[PDB]
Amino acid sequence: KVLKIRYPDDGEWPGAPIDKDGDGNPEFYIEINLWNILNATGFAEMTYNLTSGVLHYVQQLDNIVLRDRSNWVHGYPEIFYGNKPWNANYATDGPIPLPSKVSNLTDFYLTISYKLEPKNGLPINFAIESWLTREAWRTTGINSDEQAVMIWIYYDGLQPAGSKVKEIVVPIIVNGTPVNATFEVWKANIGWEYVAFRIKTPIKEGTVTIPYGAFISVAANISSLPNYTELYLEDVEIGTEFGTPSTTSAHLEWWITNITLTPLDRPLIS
């Protein structure tokens, strides 16, 4: 009734499926994903209680040495739905058919209930990420004619990659109240096109609903990629990037109590 994964005990890449009905198709998949840490003392552990539905991440890392300082952040511990295109991990037991071509997908709301506790000024964000690839089921990484979209609904001490492009308004719901929120749009080229939406009023805890197609429509419109609507929306990942090249100690704890994807009866891109 409790799933647990732990770094470094389970290796340098701990991860596990959440498959509550035991049917062999995970509803979500979790990864500790310390992708840019070469070595650290301490541990990071992610627990999911299958009765309460609470996902709890506890991280206490020190003596951090990065794989490549130019990649800036240290890792992105996360939970995701769909096909993560960097590896053979996937979760497709849900109402939205990911992966699917962006030209064929309906819009959906993404609602997350969570609480973030970075310790001692640790730079972090809480970001939702999607990869858009040329093939339907990619498992070996990302090419220069493909896109990452990120949506940061909390941050402290981290700036997205690239250059600011603009500000957009997006209607969201925060703690039960519909509100017009502002997101900065940032664009970079980092081996693939990266577009990040960073909220101007970070939300450290609570329940937030966002309309996914507002973000993907803007990422499509500012993209330099050809044939954007042929790309497949592989996944929806939710996690915390953390750290900078001068962070040597990273203590952080967070919780997620609910992720819901709600299909709408309208195209993703408008």
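In this text, residue numbers run from 1 along the sequence as written.
Checked against the record, the higher mean CA B factor of 10 to 18 and 258 to 266 lies with 258 to 266.
Per the PDB record, of the two stretches 235 to 243 and 220 to 228, 220 to 228 carries the greater mean B-factor over its C-alpha atoms.
The entry assigns its greatest Cα B factor, within the set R198, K166, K101, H74, to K101. Among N83, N120, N175, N180, the highest C-alpha B-factor recorded in the PDB entry belongs to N120.
Per the PDB record, residue ranking by Cα B-factor puts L132 in the middle third of the chain. Annotation for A214: CA B-factor lies in the highest third of the chain's modelled residues.
When the modelled residues of the chain are ordered by their C-alpha B factor, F108 lands in the middle third. The PDB entry assigns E184 a C-alpha temperature factor belonging to the middle third of its chain's modelled residues. In the PDB entry, a CA B factor belonging to the middle third of its chain's modelled residues is recorded for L158.
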